[PDB]
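Only one chain is shown below, in structure tokens, and it's the form deposited in one PDB entry.
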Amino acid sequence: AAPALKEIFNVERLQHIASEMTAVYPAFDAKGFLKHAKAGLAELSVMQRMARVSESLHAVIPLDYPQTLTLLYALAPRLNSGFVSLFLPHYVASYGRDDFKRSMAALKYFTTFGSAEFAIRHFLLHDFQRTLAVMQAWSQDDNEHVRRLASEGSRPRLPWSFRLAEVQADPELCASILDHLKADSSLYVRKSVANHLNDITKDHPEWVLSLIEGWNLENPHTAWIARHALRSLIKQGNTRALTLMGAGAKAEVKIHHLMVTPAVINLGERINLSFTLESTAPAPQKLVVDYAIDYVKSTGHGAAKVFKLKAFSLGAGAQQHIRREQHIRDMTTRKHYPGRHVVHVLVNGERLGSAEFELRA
């Protein structure tokens, strides 16, 4: 097993931070910083450790906020880790609330060394309109890291941060940010636009569908964003979403040989889903082929869980074998329970057949 992520902020890293702080600030209280940062370190998760570094710096540095920021600007290029550098935007969000313009400039600078995606959300929470205006300017910045921040920091449902209830409730607030970026030349930016849009589909699917129905999907950057923005709705079999992908029509196919083997497994074994699709159409057709498992849970069953299989074009009268092995074992993100597990085959949003496997007690 690899070391846990929290070990990125181990004592050796804290010593590195202190040494580089001494390099930019000879009078730095490195001993006090280390004492403060190390207290209970083993009990701290990775994001607790990240925050702790910022707090420890604030506790021992006898300078004001602008003066400390000057040191931290010099510290940023000396750090040997982009993830570790998250404590720099954290310091701004913690101590910069009453020095807004300076703090915004600091986040724009620091975000290239890691990411200001967590820090900017504290400002969006406490000063939404003021911060939104800044992020609109950032969406037009020359630097792809700054444009990406504009999209990622404003996400309704960013992992490892609180949801932004104000954004989540009103997709028009950030709409112009995403519109500016819908054909961005940066893959980094495009990923963020797509993920922000996928977030929106959890609460306002029709708004995203209407938006993308207005897009020019002949632009391959925009088409790529559309496919990844709509990925949850596609798995749900949403007809408007599948239609945007060219796979909204009912599949003109027959399914043959559908099976799941073995019929009965112990936890830890693999299942094998296989079937053949035969076109019954006079021309090629675009297909989105997924599958779903109805897992047995501690009580009852979970909602059908959809996994991706294949997206492809099936020639007229052609047939295509499809096969997927899946390793069924307890995982951090899924515990399993014994009984009948039903597997459904999905083609352009339609269930075309099912099979079963038994998970033994």
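Only residues modelled in both forms are compared. If you superpose the two forms and keep the largest set of C-alpha atoms that fall within 1.5 Å, you have the rigid core. In case it trips you up, residue 1 is the first one in the sequence shown, and so on.
A.B. asks: Tell me which of 218-226 and 145-153 has the higher mean C-alpha B-factor in the deposited entry.
C.D. replies: That would be 218-226.
A.B. asks: Which is higher on mean Cα B factor in this entry, 26-34 or 325-333?
C.D. replies: Averaged over C-alpha atoms, the B-factors run higher in 26-34.
A.B. asks: Can you tell me which of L44, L63, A51, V306 has the highest Cα temperature factor in the record?
C.D. replies: Highest C-alpha B-factor among the listed residues goes to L63.
A.B. asks: Out of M135, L125, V193, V253, whose C-alpha atom has the biggest B factor in the entry?
C.D. replies: That would be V253, according to the entry.
A.B. asks: What third of the chain, by the recorded C-alpha B-factor, contains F275?
C.D. replies: Answer is middle: the recorded C-alpha B-factor places it there.
A.B. asks: Considering every modelled residue of the chain and its Cα B-factor in the PDB entry, is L71 in the lowest, middle or highest third?
C.D. replies: For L71, whose C-alpha B-factor we compare with every modelled residue in the chain, the answer is the highest third.
A.B. asks: Going by the CA temperature factor in the PDB record, which third of the chain does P89 belong to: lowest, middle or highest?
C.D. replies: Its C-alpha B-factor, which the entry lists for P89, ranks in the lowest third among residues of this chain.
A.B. asks: With respect to C-alpha B-factor, does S210 fall in the lowest, middle or highest third of the chain as deposited?
C.D. replies: For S210, the deposited C-alpha B-factor lands in the highest third.
A.B. asks: Classify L359 as lowest, middle or highest third according to the C-alpha B-factor given in the PDB entry, relative to its own chain.
C.D. replies: Its C-alpha B-factor belongs to the lowest third of this chain's values.
Here the subject shifts to the form deposited in another entry, a form of this protein not shown in this document.
A.B. asks: Tell me, with the core superposed, which single residue in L164, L233, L209, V289 has its C-alpha moved by at least 2 Å between this form and the one not shown.
C.D. replies: Once the cores are aligned, the residue moving by 2 Å or more is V289.
A.B. asks: At a 2 Å cut-off on C-alpha positions, does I17 qualify as shifted between this form and the one not shown after fitting the rigid core?
C.D. replies: No; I17 is a residue whose C-alpha shifts by less than 2 Å between this form and the one not shown when the cores are overlaid.
A.B. asks: Once the core is aligned, does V84 move its Cα by at least 2 Å between this form and the one not shown?
C.D. replies: The answer is no, as the C-alpha of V84 shifts between this form and the one not shown by less than 2 Å after core alignment.
A.B. asks: Once the two forms are fit on the core, has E325 moved its CA by at least 2 Å between this form and the one not shown?
C.D. replies: After core superposition, the displacement of the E325 C-alpha between this form and the one not shown reaches the 2 Å mark, so yes.
A.B. asks: So the C-alpha spacing of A311 and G214 changes by 3 Å or more in the other entry; is that change toward closer or farther than shown?
C.D. replies: Note: Cα gap between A311 and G214 widens in the other entry.
A.B. asks: Compare the CA separation of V167 and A303 in the other entry with the one in the displayed structure, and answer closer or farther (the difference is at least 3 Å).
C.D. replies: Pair moves closer in the other entry.
A.B. asks: What runs of three or more residues stand out between this form and the one not shown, with each Cα shifted 2 Å or more once the rigid core is matched?
C.D. replies: Only one moving run appears between this form and the one not shown, namely 251-361.
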